[PDB]
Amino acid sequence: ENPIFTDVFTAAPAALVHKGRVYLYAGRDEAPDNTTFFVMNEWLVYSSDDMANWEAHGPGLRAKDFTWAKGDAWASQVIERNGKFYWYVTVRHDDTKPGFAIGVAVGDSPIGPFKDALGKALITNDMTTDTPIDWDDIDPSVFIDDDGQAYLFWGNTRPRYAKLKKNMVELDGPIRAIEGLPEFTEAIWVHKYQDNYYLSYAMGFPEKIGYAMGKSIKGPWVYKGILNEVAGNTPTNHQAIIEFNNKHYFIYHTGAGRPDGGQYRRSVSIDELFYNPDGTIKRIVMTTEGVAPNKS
């Protein structure tokens, strides 16, 4: 049943599949109410072999594990490459580079331990100055294309991407502005299914999830419509999409948890995702019941 975790508040889920298990990473909401602001210090890790029963692994990483960060364990994403696990995170940078930043940690296993892979930020606020806000450099998504080129996607208000080196911890080209995403807010997730690329994102505010399709990782991106309605009792809508055991899953968050779930006290949920024959995605139907076990 959704929400899937009832002893903690979890937000901004990311997932990956590794050796027949799905690993789920989420920020932990620790705000005492829904009237002040997000309080997030650490990210939690969970895993499942059936998408229904989840093992808790505990905190895999903390914002303070980056010596150059102030705190704020915001949206993050993990990807496997060459037997390692790279965890791209959003954190508030210390005063040396004011504003939010993207950092990267690395581990030898999906449950870590993880450590700062650079000793400094990968993206700092001052690298991107086409907007005056100091929270535009948040919410990273990393994708490795069929030719072996990795890309870092990110942004709030301004969607952007850049090539990553094969070492996964350095940029390898210019930062590009992404076009084709109407009402872009945040939460980019990129995935590929058959011969189409999909870029889904939080759209407008209060946030829906919209998406665009492209014939290449570079687009051009063609908006296809609404993937998720505004989520129950939350103005932020943050998604991850994965394939597991021949089904597709839409992992997201709501404010439907207890006690007093809400905008700063969120809860991860999961529902199934379905494709149309033309490659478009049916709009999600968010449900109390959630998904049935799907064991291999």
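Numbering starts at 1 and follows the sequence shown.
In this entry, 63-71 shows the higher mean Cα temperature factor of the pair 248-256 and 63-71. Mean CA temperature factor is higher for 103-111 when stretches 103-111 and 175-183 are set side by side in the entry. In this structure the maximum Cα B-factor among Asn53, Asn237, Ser267, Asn233 is found at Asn53. Sorting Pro140, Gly204, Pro159, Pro98 by the CA temperature factor given in the entry leaves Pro98 at the top. Placement of the Cα temperature factor of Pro3 within the chain: lowest third of the modelled residues, per the deposited record. When the modelled residues of the chain are ordered by their C-alpha B factor, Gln194 lands in the highest third. Residue-level temperature factors show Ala117 in the highest third of its chain, judged at the C-alpha atom.
When the modelled residues of the chain are ordered by their C-alpha B factor, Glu170 lands in the middle third. Annotation for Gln77: C-alpha temperature factor in the middle third relative to the rest of the modelled chain, per the entry.
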